[PDB]
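J.: Got a structure for you, written out below as structure tokens; questions coming shortly.
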Amino acid sequence: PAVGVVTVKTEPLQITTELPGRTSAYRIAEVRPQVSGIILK
Amino acid sequence: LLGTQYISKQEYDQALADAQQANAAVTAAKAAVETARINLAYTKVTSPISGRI
């Protein structure tokens, strides 16, 4: 009986959440006419 | 009336005052008139562009 052995200790682990998501500008503005009428150009 | 100094330069000032502003009121008017007329121009819808309707 001789086996490869790895004695266990405390190992700091920074592995953490890998979770979902969607992305957005910021920077996610719009252009809304504040003056009404016909678009000339 | 100011040539021979028959009024008050003050007075003439006042006269020009309205005569100044008066037309401005006119300006306030013609600006006004066009406004609605413009709307009456809005009525009778103009194609803002050209092409097949």
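Going line by line, the protein sequences match chains D and E.
PDB author numbering numbers the first residue of the first sequence as 38 and each following residue consecutively.
PDB author numbering numbers the first residue of the second sequence as 132 and each following residue consecutively.
Even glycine gets a Cβ: it sits at the ideal position worked out from N, Cα and C.
Can you give me the C-alpha to C-alpha distance between residue 45 (chain D) and residue 55 (chain D), rounded to a whole angstrom?
T.: 26 Å
J.: How many Å lie between residue 159 (chain E) and residue 138 (chain E) at the Cα?
T.: Each residue's alpha carbon lies about 30 Å from the other.
J.: Determine the DSSP secondary structure at residue 66 (chain D), reduced to helix, strand or coil.
T.: coil
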